[PDB]
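Single chain ahead, written as structure tokens, the form deposited in one PDB entry.
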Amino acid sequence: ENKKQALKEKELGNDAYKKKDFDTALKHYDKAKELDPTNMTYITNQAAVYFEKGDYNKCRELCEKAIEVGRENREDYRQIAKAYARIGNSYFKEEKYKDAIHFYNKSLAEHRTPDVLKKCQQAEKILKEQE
């Protein structure tokens, strides 16, 4: 079943993801998505690659898209929050702290974590120094 291979593709991409091979990583990650589009974990991982490639827009694009699928397939909400963190992180990098804190707080709504809570206060305290 593609579902099983999808799990392997995520690891194949993750493996290449740890070896700076973001291109090959996104390739396998994207493959896992075709093998199992209902699995938001694969989509979120894809965005993680774009975040490393510089495509913060695509990161927030696929991440939220993963939120849609996951929140629809009763997928782990904890992962949904981690995705929300990446969305806010994408903004946190493109100087869009306004949208960052937004999705950041959304991560606290799904799965409260010290990371996002730290980036939430970090994004607002930085935005103040920005204005």
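Residue numbers here begin at 1 and follow the sequence given.
Not on display, but discussed next: the form deposited with a partner chain bound.
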{"query": "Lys106 within 4.5 Å of its partner chain in the deposited complex, heavy atoms", "finding": "no"}
{"query": "4.5 Å heavy atom contact, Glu68 to its partner chain in the deposited complex", "finding": "no"}
{"query": "Proximity of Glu52 to its partner chain in the deposited complex, heavy atoms at 4.5 Å", "finding": "yes"}
{"query": "Partner proximity in the deposited complex: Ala48 to its partner chain, non-hydrogen atom cutoff 4.5 Å", "finding": "yes"}
{"query": "Heavy atom within 4.5 Å of its partner chain in the deposited complex - the one residue of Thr113, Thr24, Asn14, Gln121 that qualifies", "finding": "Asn14"}
{"query": "Answer range among 82-90, 95-103, 68-76, 30-38 for contact with its partner chain, defined in the deposited complex as heavy atoms within 4.5 Å", "finding": "82-90"}
